[PDB]
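Q: Have a look at the structure that comes next, please.
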Amino acid sequence: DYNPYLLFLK
Amino acid sequence: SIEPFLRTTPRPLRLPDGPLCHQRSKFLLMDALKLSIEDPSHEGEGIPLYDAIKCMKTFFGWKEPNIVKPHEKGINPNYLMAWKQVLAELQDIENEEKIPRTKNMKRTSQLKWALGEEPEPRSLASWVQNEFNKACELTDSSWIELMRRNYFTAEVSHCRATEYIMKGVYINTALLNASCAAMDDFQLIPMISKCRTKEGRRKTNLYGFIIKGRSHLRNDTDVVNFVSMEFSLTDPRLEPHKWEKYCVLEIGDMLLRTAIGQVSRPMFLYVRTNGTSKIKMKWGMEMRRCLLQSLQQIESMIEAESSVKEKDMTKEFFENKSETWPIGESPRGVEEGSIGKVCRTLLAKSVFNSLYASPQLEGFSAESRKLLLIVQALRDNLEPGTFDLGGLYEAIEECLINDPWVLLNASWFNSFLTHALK
């Protein structure tokens with residue numbers, strides 16, 4: 001499942 | 001610094017309980033079905049009603065329409081008769097010397113009913129994440145034509161989110177044109193897009209039709225009602241809650257190749273009454289800005305890594321899939337993707353903000369942004385101020401009522417939060 005908020009983890 | 005027991009850790013957003021949320025897009029997304037013609041070598045613009053008829057003639061399984069999933073709160077015969085009226089008026093066009101540029105329909109009792117001539121909580125359904133996943137995927141066709149922005153365009157040209165842009169710009173422009181030209185008439189408007197196959201051939205696609213109602217759009221907030229009639233292979237019995245606002249007809253038999261071989265599957269027509277304002281139509285016509293927004297985010301991101309290496313990384317990332325970003329999740333854990341998957345995920349997010357534009361989204365975005373900055377500062381051990389977290393959560397949670405896109409964004413924010421404050 002794609003979740004663009006997970007980009008903020010980097 | 002304050003004692004640990006007094007420090008406030010952001011809690012998960014509370015999503016509403018209630019019946020599953022329903023589709024509220026202005027057109028079908030993953031459920032859409034195109035009837036398509038491969039265009040002449042010249043690829044010259046046909047007139048919409050000519051292209052629409054020619055597309056319908058590529059389908060050989062048309063049959064007498066029947067209601068298979070009624071609209072709970074509608075007069076379903078009126079939707080069935082509206083579709084039969086569209087086919088009768090298309091036949092009238094065929095019978096004439098030439099196909100007309102426009103078709104103003106008979107203002108029948110069924111169209112007057114259907115053209116007019118939500119505070120209840122709903123729970124997040126699985127279909128919203130399923131739609132977003134499909135929007136992130138590559139299709140077999142190209143939706144746009146090609147400053148090293150060609151890397152990005154290469155990664156999004158075939159992306160389904162890009163189809164939604166081209167579909168949305170086409171139908172909103174056609175609806176604004178009709179709204180200005182024929183304010184009192186019920187005009188039949190084909191839903192069309194154009195793409196190119198692997199083999200470089202242009203294709204014209206028909207998704208269905210909208211019928212425009214009365215359209216005296218003096219002010220930006222003035223609303224035009226319309227009836228949408230959209231082809232699909234999706235059986236409405238798979239997720240009935242998704243289709244609460246629709247009457248669904250069975251209109252044909254589609255031959256498809258599969259594992260057992262070539263099989264007959266029903267073709268459906270998803271029919272609903274809907275509306276849009278002049279300002280919402282204008283924003284629909286601006287959906288190409290989604291490509292520019294997501295491009296800017298990719299650039300801003302590539303600059304960060306290029307600001308590290310004191311060198312431009314643009315070439316390295318797009319060409320070398322080795323560098324990755326966290327963009328997905330499963331039962332296992334967080335999944336990383338090449339820059340191309342990041343391009344398509346950001347594009348799909350921008351496109352869905354446009355397809356599901358709402359005041360609840362505007363409130364969610366402004367307030368969740370403030371909370372995200374607090375969470376990032378907590379991740380970095382910076383002791384941000386939390387005195388207003390009560391206010392912030394109230395403001396965010398007032399936006400979590402029933403909107404499918406806002407609810408998914410809250411659920412995504414919660415997933416981020418579990419990983420961020422591990």
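Quick note on naming: the chains in the structure tokens go A, B, ... in the order shown, residues restart at 1 in each chain, and ligands are numbered from 1 in order of appearance.
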Pull out every residue of chain B sitting within 7 Å of chain A, counting only C-alpha atoms, and send them as a PyMOL selection string.

A: chain B and resi 133+325-330+345-346+412-413+416+420

Q: Could you pull out the alpha helix (DSSP H) residues of region 178-398 of chain B, going by DSSP on the backbone, and write them as number ranges by chain?

A: B: 178-181, 278-285, 289-309, 314-319, 339-355, 359-379, 389-397

Q: Would you pick out the contacts of region 208-218 of chain B at 7 Å or less, using only C-alpha atoms, so that residues sharing its chain but fewer than 2 positions from it are not included, and give the list as a PyMOL selection string?

A: chain B and resi 115+179+183-191+206+222-231+278
